[PDB]
Every structure is written in structure tokens, then in C-alpha cells.
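Trainee: Input file: model.csv. Contents: CSV, C-alpha atoms.
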```csv
chain,number,residue,atom,x,y,z
D,53,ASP,CA,183.4,160.6,10.8
D,54,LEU,CA,185.9,158.0,9.7
D,55,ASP,CA,188.2,159.2,12.5
D,56,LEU,CA,185.3,158.7,14.9
D,57,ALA,CA,184.7,155.2,13.6
D,58,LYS,CA,188.4,154.2,14.1
D,59,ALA,CA,188.4,155.7,17.6
D,60,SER,CA,185.3,153.8,18.8
D,61,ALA,CA,186.6,150.6,17.1
D,62,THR,CA,189.9,150.8,19.1
D,63,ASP,CA,188.0,151.5,22.3
D,64,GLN,CA,185.7,148.5,21.7
D,65,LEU,CA,188.6,146.1,20.9
D,66,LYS,CA,190.5,147.1,24.1
D,67,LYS,CA,187.3,146.7,26.1
D,68,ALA,CA,186.9,143.2,24.7
D,69,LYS,CA,190.5,142.4,25.7
D,70,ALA,CA,189.9,143.6,29.3
D,71,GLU,CA,186.7,141.6,29.5
D,72,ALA,CA,188.6,138.5,28.3
D,73,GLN,CA,191.2,139.1,31.0
D,74,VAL,CA,188.6,139.3,33.8
D,75,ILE,CA,186.6,136.3,32.5
D,76,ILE,CA,189.7,134.0,32.3
D,77,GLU,CA,190.8,135.2,35.7
D,78,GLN,CA,187.4,134.1,37.1
D,79,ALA,CA,188.0,130.8,35.3
D,80,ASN,CA,191.3,130.3,37.1
D,81,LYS,CA,189.7,131.3,40.4
D,82,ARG,CA,187.0,128.6,39.8
D,83,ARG,CA,189.7,126.1,39.1
D,84,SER,CA,191.6,126.8,42.3
D,85,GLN,CA,188.3,126.7,44.3
D,86,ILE,CA,187.4,123.3,42.8
D,87,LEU,CA,190.8,121.8,43.3
D,88,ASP,CA,191.3,122.8,46.9
D,89,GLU,CA,187.7,122.1,47.9
D,90,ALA,CA,188.0,118.6,46.4
D,91,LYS,CA,191.1,118.0,48.4
D,92,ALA,CA,189.4,119.1,51.7
D,93,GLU,CA,186.3,117.0,50.9
D,94,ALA,CA,188.4,113.9,50.2
D,95,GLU,CA,190.2,114.2,53.6
D,96,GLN,CA,186.9,114.8,55.4
D,97,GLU,CA,185.3,111.7,54.0
D,98,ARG,CA,188.4,109.6,54.6
D,99,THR,CA,188.6,110.7,58.3
D,100,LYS,CA,184.9,109.8,58.6
D,101,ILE,CA,185.5,106.3,57.2
D,102,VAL,CA,188.3,105.5,59.7
D,103,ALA,CA,186.2,106.9,62.6
D,104,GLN,CA,183.4,104.5,61.4
I,1,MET,CA,184.5,185.4,-56.7
I,2,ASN,CA,187.9,186.3,-55.4
I,3,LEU,CA,189.8,183.1,-55.0
I,4,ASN,CA,193.2,184.5,-54.0
I,5,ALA,CA,196.7,183.5,-52.8
I,6,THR,CA,195.1,184.6,-49.4
I,7,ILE,CA,193.5,181.1,-49.3
I,8,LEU,CA,197.0,179.4,-49.2
I,9,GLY,CA,198.4,181.9,-46.7
I,10,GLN,CA,195.4,181.2,-44.5
I,11,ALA,CA,195.9,177.5,-44.9
I,12,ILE,CA,199.4,177.9,-43.4
I,13,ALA,CA,197.9,180.3,-40.8
I,14,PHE,CA,195.2,177.7,-39.9
I,15,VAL,CA,197.8,175.0,-39.3
I,16,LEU,CA,200.1,177.4,-37.4
I,17,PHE,CA,197.2,178.3,-35.0
I,18,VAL,CA,196.5,174.6,-34.6
I,19,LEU,CA,200.2,174.1,-33.8
I,20,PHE,CA,200.2,176.9,-31.2
I,21,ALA,CA,197.1,175.5,-29.5
I,22,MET,CA,198.6,172.0,-29.8
I,23,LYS,CA,201.9,172.9,-28.1
I,24,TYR,CA,201.2,175.6,-25.6
I,25,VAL,CA,197.4,175.9,-24.8
I,26,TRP,CA,195.9,172.4,-24.5
I,27,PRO,CA,198.5,170.1,-22.9
I,28,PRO,CA,198.6,171.9,-19.5
I,29,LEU,CA,194.8,171.7,-18.8
I,30,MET,CA,193.9,168.1,-18.1
I,31,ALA,CA,195.1,167.7,-14.5
I,32,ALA,CA,192.9,170.0,-12.6
I,33,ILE,CA,189.6,168.3,-13.4
I,34,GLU,CA,190.9,164.9,-12.3
I,35,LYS,CA,192.3,166.2,-9.1
I,36,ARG,CA,189.0,167.8,-8.2
I,37,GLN,CA,187.1,164.7,-9.0
I,38,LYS,CA,189.5,162.5,-7.0
I,39,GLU,CA,189.0,164.6,-3.9
I,40,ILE,CA,185.2,164.1,-4.0
I,41,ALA,CA,185.2,160.4,-4.7
I,42,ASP,CA,187.6,159.6,-1.9
I,43,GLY,CA,185.1,161.0,0.6
I,44,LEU,CA,182.4,158.5,-0.6
I,45,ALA,CA,185.0,155.8,-0.1
I,46,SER,CA,185.7,157.1,3.4
I,47,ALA,CA,182.0,157.0,4.3
I,48,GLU,CA,181.7,153.4,3.0
I,49,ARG,CA,184.7,152.3,5.1
I,50,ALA,CA,183.3,154.0,8.2
I,51,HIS,CA,180.0,152.0,7.8
I,52,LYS,CA,182.0,148.9,7.1
```
Reformat the file's structure so that it appears as C-alpha cells.

Mentor:
Amino acid sequence: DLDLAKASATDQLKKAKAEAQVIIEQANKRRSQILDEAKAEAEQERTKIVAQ
Amino acid sequence: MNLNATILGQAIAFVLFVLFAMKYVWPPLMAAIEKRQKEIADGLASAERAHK
């Protein structure tokens, strides 16, 4: 039974590591999305101002 | 009754049998019980560490 406890514990720790990788990857995806959308939005509003 | 030199011979015999039990018989016996106890207590420790 102690062997089973150790095996399940290692599986859970590795699963937590993988979930951390995915979560932080989505954080980086969100950062890139925000940065480039902000750049595009800025240019759009600037061009509108000069047209006005 | 018959208090006899047999009493002194048997005093020496008493101490000689005590010596024979003291040197050969008793010293080699202690270990087995402790080994057998140890191999049962460690299992309880293992169950506790599984739960922990």
C-alpha cells in the first residue's frame, strides 16, 4: 500500500507540473494578444483622428 | 537428618550449572524476539506514512 501511495503521489505531482505549464502558456498567449491588439487599436484610432 | 559433605559438593554443582547457563545457554537468545517485533512495528509505521 505504501508503494501505491508513492506511485499516485508522483503521478499527481507531475500532473500539477503539466497543468502549470499549460496555464502559464495561456498567460503568455493572453499577453501577446493584449500587446498586439493594443498596437492595432492605437493605429486605428490615430488614423481616424487624422481623417477627422 | 543427614547433613552431609554432599551439601557442599552440590553447592559447587549449583554454581557450575549457573555458570554453564550463564556462558553458553542464555547469551545467544535475546536477538530473535527483537527482530520479530521490529518487523511488525515497521508495518504500522508504513501505514501511517501512507496515510500521511

Trainee: Pull out every residue of chain I that has at least one atom within 12 Å of chain D, counting all atoms listed in the file, and report them as a list in words.

Mentor: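 Interface list for chain I against chain D: residues 42, 43, 44, 45, 46, 47, 48, 49, 50, 51 and 52 of chain I.
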
Trainee: So what do you get for atom CA of residue 88 of chain D versus atom CA of residue 103 of chain D, distance-wise?

Mentor: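 Those two atoms sit 22.9 Å apart.
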
Trainee: Using Å and a single decimal, report how far atom CA of residue 19 of chain I sits from atom CA of residue 7 of chain I.

Mentor: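 Result for atom CA of residue 7 of chain I versus atom CA of residue 19 of chain I: 18.3 Å, one decimal.
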
Trainee: One decimal, Å: what's the distance from atom CA of residue 86 of chain D over to atom CA of residue 73 of chain D, could you say?

Mentor: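 The value is 20.1 Å.
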